[PDB]
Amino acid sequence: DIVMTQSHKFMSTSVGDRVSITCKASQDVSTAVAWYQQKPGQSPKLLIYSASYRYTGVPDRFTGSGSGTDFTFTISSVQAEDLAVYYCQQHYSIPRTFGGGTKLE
């Protein structure tokens, strides 16, 4: 398996602040990474696919970057509503895997 690693389980930010959540692959997955948002009592929500591409309906203040092994998720202006856990996932090979998570404050 490929190991998605979000070395930070938590990250504190404020409204209007910029925050970047990193994910690292145990091996080269190119752009084959996807990010999700799980709010309290809500289901996972695809925000990014293929490392950087935003899915349909996703706001503009969310962005992501990375290739190969080092990857990063970003929010330019955090909003109260952005309160959620965030997971990276590799979509490069079998089996599919997720990051540990980075519960955002």
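All residue numbers refer to positions in the sequence shown, first residue = 1.
S.K.: Would 33 to 41 or 68 to 76 have the larger average of its C-alpha temperature factors, as given in the entry?
M.R.: Looking at the record's C-alpha B-factors, the answer is 33 to 41.
S.K.: Once you work out the mean C-alpha B-factor for both 95 to 103 and 1 to 9 from the entry, which is higher?
M.R.: Mean C-alpha B-factor is greater for 1 to 9.
S.K.: Using the temperature factors of the C-alpha atoms in this entry, rank residue 46 within its chain: lowest, middle or highest third.
M.R.: For residue 46, the deposited C-alpha B-factor lands in the lowest third.
S.K.: Using the temperature factors of the C-alpha atoms in this entry, rank residue 90 within its chain: lowest, middle or highest third.
M.R.: Its C-alpha B-factor, which the entry lists for residue 90, ranks in the lowest third among residues of this chain.
S.K.: Quick check on the deposited entry: does the C-alpha B-factor of residue 83 sit in the lowest, middle or highest third of its chain?
M.R.: According to the entry, residue 83 has a C-alpha B-factor in the chain's lowest third.
S.K.: Tell me, lowest, middle or highest third: where does the Cα B factor of residue 23 rank within its chain?
M.R.: Its C-alpha B-factor, which the entry lists for residue 23, ranks in the middle third among residues of this chain.
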